[PDB]
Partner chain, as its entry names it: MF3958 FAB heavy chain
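Just the one chain here, laid out as structure tokens, in the form solved without its partner chain.
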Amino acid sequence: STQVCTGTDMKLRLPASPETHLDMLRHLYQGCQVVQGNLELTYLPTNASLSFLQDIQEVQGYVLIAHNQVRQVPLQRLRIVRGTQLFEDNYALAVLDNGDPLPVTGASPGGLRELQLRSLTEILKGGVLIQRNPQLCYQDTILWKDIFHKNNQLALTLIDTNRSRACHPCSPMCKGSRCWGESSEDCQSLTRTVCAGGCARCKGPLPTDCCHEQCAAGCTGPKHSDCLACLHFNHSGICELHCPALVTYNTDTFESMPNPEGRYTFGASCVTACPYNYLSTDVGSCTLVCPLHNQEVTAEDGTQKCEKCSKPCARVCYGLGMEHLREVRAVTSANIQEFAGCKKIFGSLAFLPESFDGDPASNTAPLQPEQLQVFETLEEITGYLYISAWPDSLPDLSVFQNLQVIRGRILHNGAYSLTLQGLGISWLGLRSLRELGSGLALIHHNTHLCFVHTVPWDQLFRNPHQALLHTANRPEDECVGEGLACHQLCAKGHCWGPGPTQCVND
């Protein structure tokens, strides 16, 4: 079971499916406490209920809140933003264009009114960017320097105050007129700028109130167990600079010996075993991508480790986002052949309009339906599969009929492992697909698409945060109306298409 979830990576990109965007976020963050990656709350309408964000305590990446009409984003328990990643490379926190502009009295103007990040006492790396927020107050009465960590090398700020309404003053309870909102419970609590000795964080003014060095954001007691957050690692209750290595060395021989107290690194914590879908490494870490020349090794049970493949190392098929294809945003005639005979692909596959439109300027001839037969041997994709264009002549995605797993170690917009949109396909035909390691599935605006409801999607997912988002595909009544359905021989009514070849799970 998990208290950890993953953020997204969409930046300011428009959600392709406004009708399911919120449902995605909800699935993504509900019950979540620690957000690996980034917390991006964008393009939300004024009627958006965001209560599912109430348990978020820390965000490993950055926090983006932009282009929303909603009036409040309940992040009252967000204690720390590590900023392992930054918006525009500088900000750990970015609040942009949240308000309609850039029968009045009736409808209360849309837009964020107050931040209310009353628990946010720590930004390890990165700055604060707040711009064009018409109904926003108090952002200027906050002592950001206190929030920024001492070692924060990017304690930069860019706060806009041009408001479009008048602000009521902070509650009388707030000491130096510093608050996140009008409430008496929004007084900014300082934990750095008001400390004794020279300690980074503290509970009060007294030298005894100082927090343990390994703490971050704050503390209740003076012990390294009274931290509100761990600056580096939570080791089963105590914050430490590093975890216990997996091996102990011999004093004279210096020969490895397993360590009963050994733990891998996963986010800001020391764990005994890496969680599902992650890779265990030589260096005792939990990662989605292996070391220099080290490569994946699938054990029977599924636990894929990373072994030394420094010197003797068999070549593999890298996909989009990896190695030379790291910046390529689509499969084209210029790279299609690189996948010939690839059983497994380390990276992702994405097909866009241009893929089949071809780019005459680069003399990259359009991709041909027959060229797609290159993936017929493909059984695994460690990344994601994105398809926003497909040849009308082809009725399904049978070229991927032997695709068994899509780990989703890398997600589109950091959220979706499988995306099918604007296509002309009549059915999926992904007959061998038995798993989506992580990420959500998005299938929408596929007019002639049936056999979506016939797929046992729940069987493919592996964690509580996954689900299928779908809308605007061929109506189920029309499919059934045309008499379409799983072949009589399909055991439990489950199939990926029309024929007998499309049935599922016995």
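Numbering follows the first chain given and starts at 1.
There is also a form solved in complex with its partner chain; it is not shown, and the following applies to it.
**Student:** Name the residue from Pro169, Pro260, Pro360, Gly302 that puts a heavy atom within 4.5 Å of its partner chain in the bound PDB entry.
**Tutor:** Exactly one residue meets the criterion: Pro169.
**Student:** So which of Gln295, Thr141, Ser432, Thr364 reaches within 4.5 angstroms of its partner chain in the bound PDB entry, heavy atom to heavy atom?
**Tutor:** Partner contact (heavy atom, 4.5 Å) among the options: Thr141.
**Student:** Using heavy atoms and a 4.5 Å limit, would one call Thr220 a contact residue for its partner chain in the bound PDB entry?
**Tutor:** Taking the distances in the bound PDB entry, the answer for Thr220 is no, it never comes within 4.5 Å of its partner chain.
**Student:** Verify the contact flag for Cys137: yes if a non-hydrogen atom of it lies within 4.5 Å of a non-hydrogen atom of its partner chain in the bound PDB entry, no if not.
**Tutor:** Close contact exists here: in the bound PDB entry, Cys137 approaches its partner chain to within 4.5 Å, heavy atoms only.
**Student:** Is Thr161 close enough to touch its partner chain in the bound PDB entry, meaning at least one heavy atom pair within 4.5 Å?
**Tutor:** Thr161 belongs to the contact set for its partner chain.
**Student:** Closest heavy atom of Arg79 to its partner chain in the bound PDB entry, within 4.5 Å or not?
**Tutor:** Taking the distances in the bound PDB entry, the answer for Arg79 is no, it never comes within 4.5 Å of its partner chain.
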